[PDB]
Protein chains: 2
Amino acid sequence: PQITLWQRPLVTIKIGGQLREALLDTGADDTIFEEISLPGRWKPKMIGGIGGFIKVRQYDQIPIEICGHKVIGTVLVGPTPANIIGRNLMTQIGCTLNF
Amino acid sequence: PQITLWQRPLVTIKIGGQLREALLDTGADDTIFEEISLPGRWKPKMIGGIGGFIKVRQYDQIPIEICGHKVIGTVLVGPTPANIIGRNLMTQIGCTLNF
Ligand SMILES: CC(C)c1nc(CN(C)C(=O)N[C@H](C(=O)N[C@@H](Cc2ccccc2)C[C@H](O)[C@H](Cc2ccccc2)NC(=O)OCc2cncs2)C(C)C)cs1
């Protein structure tokens, strides 16, 4: 579907049996969620943002449904104020920018 | 044109007679530049993001050229690690997300 930018580009996604809304963020290399429960092993990691850096957990090969699209990738879990779908996953649903 | 997301979506801009590269950021409501010199008055403002918040100057009605597209809008200047073009200007050039 095509989405204009008069409003924040929110998408509904399913991950680990949980439902959430996330922002399609072309300005984000990675995908991060605020508190969700994911299983298994992860690794420590720090993300750099506009206001500074945050410490997150890094999970790989995590199944994720973005607008009905099934894909798998690396998902970070950390203290973000907004759930974000990054380029690492937007690339997987074929999402592009147009103008 | 069309822009896939395998690489950060950078565009070349001209603003205040100065050249810069910026990220087409669908996850940003506003446009922010680190160190550029803009004329005129401005109003202090704070912006939030991953990592915390930062104090920035808010200039309105600033002529800016984005990939050859001449438009005008609010531009923030402040301690940001990367130049960002927000939704406030992306809508001006008719930029959309597609998948
Ligand atoms: C619900 C409430 C919390 C919300 N507020 C907002 C409005 N806000 C603050 C913003 O749009 N804020 C923008 C912003 O930082 N956006 C950010 C996402 C975000 C949104 C909301 C809250 C926190 C983070 C997203 C931006 O693309 C920044 C740009 C950037 C790139 C390189 C270096 C520094 C910065 N990119 C990143 O932070 O990349 C790192 C990563 C971000 N997410 C996963 S990895 C500013 C640039 C204007 C949206 S949702």
Side-chain angles (χ1 to χ4, degrees), chain A residues 1-11 13 21-34 45-56 65-71 73 76-99, chain B residues 1-11 13 21-34 45-56 65-71 73 76-99:
Chain A
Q2 178 172 63
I3 306 175
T4 61
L5 297 171
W6 295 95
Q7 315 255 277
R8 294 167 297 140
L10 289 170
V11 64
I13 76 86
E21 299 191 66
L23 195 69
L24 296 176
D25 190 358
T26 49
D29 299 344
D30 317 307
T31 291
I32 187 175
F33 285 80
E34 183 174 37
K45 159 157 111 140
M46 269 159 278
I47 295 294
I50 198 84
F53 282 71
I54 61 160
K55 275 114 149 146
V56 298
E65 269 176 53
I66 301 177
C67 202
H69 304 252
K70 271 122 112 83
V71 66
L76 310 171
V77 182
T80 175
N83 304 322
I84 296 154
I85 308 297
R87 294 188 299 97
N88 76 302
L89 287 177
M90 291 200 268
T91 242
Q92 269 58 52
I93 60 170
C95 182
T96 64
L97 274 182
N98 302 259
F99 73 90
Chain B
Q2 182 169 58
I3 302 179
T4 51
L5 298 174
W6 299 92
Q7 297 180 60
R8 304 219 253 267
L10 302 170
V11 288
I13 89 88
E21 282 202 279
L23 216 62
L24 292 180
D25 188 355
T26 51
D29 304 330
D30 314 310
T31 292
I32 178 79
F33 283 78
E34 56 160 343
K45 156 132 125 160
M46 311 244 249
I47 249 75
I50 260 176
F53 66 114
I54 64 168
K55 296 72 181 173
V56 303
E65 182 207 289
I66 291 173
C67 209
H69 298 51
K70 294 169 169 53
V71 304
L76 300 172
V77 184
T80 173
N83 295 322
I84 292 162
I85 300 295
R87 289 190 300 98
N88 77 305
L89 262 45
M90 275 204 274
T91 43
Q92 298 303 299
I93 62 180
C95 182
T96 63
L97 273 175
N98 299 69
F99 66 101

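In the text below, chain A, chain B and the rest are named by the order of the sequence lines, each starting its count at 1.
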NZ of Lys70(A): more than 12 outside heavy atoms within 6.0 angstrom? no
Locate the shortest heavy-atom distance separating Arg87(A) from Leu5(B); write the atom from each residue and the value. NH1-O, 2.9 Å
Please report the C-alpha distance between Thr4(B) and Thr91(A) in whole Å, then the side-chain angles of each, then the deciding distance to 0.1 Å, and finally whether the side-chain contact (heavy atoms from CB on, under 4.5 Å) criterion is met. CA-CA 7 Å; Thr4(B) 51; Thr91(A) 242; over 6 Å; no
Side chain proximity check, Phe99(A) to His69(B), heavy atoms < 4.5 angstrom: yes
Testing the basics here: between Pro81(A) and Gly49(B), what is the closest heavy-atom pair and its distance to 0.1 Å? CG-O, 4.3 Å
Region of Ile93(B) in contact with chain A, defined by heavy-atom distances below 4.5 Å: both
Measure distances from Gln92(A) to the heavy atoms of chain B and classify the residue's part below 4.5 Å as side chain, backbone, both or neither. side chain
Please classify the contact between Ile84(A) and chain B as side chain, backbone, both or neither, with a heavy-atom cut-off of under 4.5 Å. side chain
Indicate yes or no: at least one non-hydrogen side-chain atom of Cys95(A) is less than 4.5 angstrom from one of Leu97(B). yes
Main-chain N/O of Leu24(B) paired with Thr26(A) side-chain donor or acceptor, under 3.5 Å: yes
What I want to find out is whether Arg8(B) reaches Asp29(A) closely enough, with some N-O distance under 4.0 Å, to be called a salt bridge. yes
Quick check: do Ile54(B) and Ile50(A) have side-chain heavy atoms less than 4.5 Å from each other? yes
Given heavy-atom pairs under 4.5 angstrom as the criterion, report whether the side chain, backbone, both or neither of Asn88(A) touches chain B. neither
Chain B shares the most heavy-atom pairs under 4.5 Å, among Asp25(A), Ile85(A), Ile32(A), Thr96(A), with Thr96(A)
